[PDB]
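Undergrad: would you be able to build a 3D model of this:
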Amino acid sequence: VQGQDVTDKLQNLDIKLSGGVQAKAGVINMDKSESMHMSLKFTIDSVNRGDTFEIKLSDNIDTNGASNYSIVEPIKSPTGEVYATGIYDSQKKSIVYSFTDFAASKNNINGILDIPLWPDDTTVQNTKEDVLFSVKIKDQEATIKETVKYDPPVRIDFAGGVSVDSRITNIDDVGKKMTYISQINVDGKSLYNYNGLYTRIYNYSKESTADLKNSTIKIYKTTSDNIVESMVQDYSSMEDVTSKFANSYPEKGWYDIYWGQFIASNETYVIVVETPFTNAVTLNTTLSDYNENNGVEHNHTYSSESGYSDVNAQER
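TA: Residues are numbered from 1 along each chain as shown. Take a look at the structure below.
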């Protein structure tokens, strides 16, 4: 009665994948944010309370970089009912569903899942040609090859070849926090400008809900060679300069940094920022003069105004 794993006890199970939501077929771009799509139907006799089943995922499929386990939409009855809750574990990269009472009470129980997955920005660090994505279960599996790109930085042949890129990586929706990483001097070029060079992080639209006011910025220093497209890497193994360039929890409500007149060929900076967050946000980082007359910037929005994470009810 206590419950147990029942993946064996599964019939007519058909699982698949695809894209569609992607810019242009055969390619998945983060700086834009597209996804995969697990088609999954199945039938079963009877199941008790705790009974569960896995969905083995490849070492590169992520559901939500946030935390170390994300809850995924449950399976439902034709009449939208609690049928089986789901939960993705980042360490064992597999999704798990634990049935409920409804599941026990019935016999001709048929379930279906249309879950949208993404590539993992921690493993698929840089850009790839035809990556392999696979979702497995009992006997049936589900392959699909897609490319994985990250829009280039932004550059103007000014002050030597000023370059910048940025991106919202994790979005702790529950706790309401984001991680807005940014890279300075991506191309990695020796760049100078009398009157100085600066970097400023701020929310771009009158109605962003960043609240940098209560954010935590942390800066690391490195070399363009060993840096990633996704910006998600092992920072300890690189110099921490935060303390000397800027302090977290800025009163102004935006960070501004004076790098000085020169940034060396090798000198590149990773700026991780963790802020609060509300309905929607869109913010950028710059690399310009005290004015932004001459400079460069990179924005990255998120909205999802009142959505679109928990998209209850969806059929295609």
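
Undergrad: in the longest strand seen in the chain, which residues are buried?
TA: Of all the segments of type strand in the chain, defined by DSSP state E, the longest one is strand 191-203. Going by neighbour count (16 or more other C-beta atoms under 10 Å), the buried part of strand 191-203 is 191, 193, 197-203. Quick note: C-beta positions are derived from backbone N, CA and C, even for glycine.

Undergrad: continuing past it, what's the next helix or strand?
TA: Counting by DSSP states H and E, the next helix or strand C-terminal to strand 191-203 is strand 216-223.

Undergrad: and that following strand with strand 191-203, angle?
TA: Angle, strand 216-223 to strand 191-203, by axes from the mean of the first three to the mean of the last three C-alpha atoms, to 10 degrees: 150 degrees.

Undergrad: buried ones in strand 216-223?
TA: If you call a residue buried by 16+ other C-beta under 10 Å, then strand 216-223 has these buried ones: 217-222.

Undergrad: looking at these, point me to the pair that's furthest apart.
TA: Using C-beta to C-beta, the pair of these lying farthest apart is 217 and 222, separated by 16.5 Å.

Undergrad: distance from the longest strand of the chain to the middle of the chain?
TA: Centre-to-centre, strand 191-203 and its host chain are 28 Å apart (C-alpha atoms, centre = their mean, to the nearest Å).

Undergrad: could you list the domains of the protein?
TA: Per curated CATH domains, the structural domains of the chain span 1-150, 151-316.

Undergrad: neighbouring contacts of the longest strand of the chain?
TA: 158-162, 164, 180, 182, 184-185, 209-210, 212, 217, 253-263, 269, 271, 273, 281-290, 292, 294 (C-beta atoms under 8 Å, 6 or more residues apart in numbering).

Undergrad: residue boundaries of the helices in the chain?
TA: For the chain, the helices defined by DSSP state H occupy 101-105, 242-245.

Undergrad: buried ones among the contacts of strand 191-203?
TA: 159-160, 162, 164, 180, 182, 184-185, 209-210, 212, 217, 255, 257, 259, 263, 269, 271, 273, 281-289.

Undergrad: give me every residue that touches residue 94.
TA: 54-57, 88.

Undergrad: try residue 105
TA: Residue 105 touches nothing, counting by C-beta under 8 Å, 6+ apart.

Undergrad: same check, this time on the one 4 residues further on
TA: Taking C-beta under 8 Å, 6+ apart as the contact definition, residue 109 lies against 43-47, 83, 103.

Undergrad: okay, and the beta partners of it?
TA: residue 44 (DSSP bridges).

Undergrad: start the count at 482 instead of 1 going forward.
TA: Done: numbering now begins at 482, and the last item shifts to residue 590.

Undergrad: what sits closest to residue 692 if chain neighbours are left out?
TA: Distance criterion C-beta to C-beta, 6 or more residues apart in numbering; nearest residue to residue 692, sequence neighbours excluded, is residue 757 at 4.2 Å.
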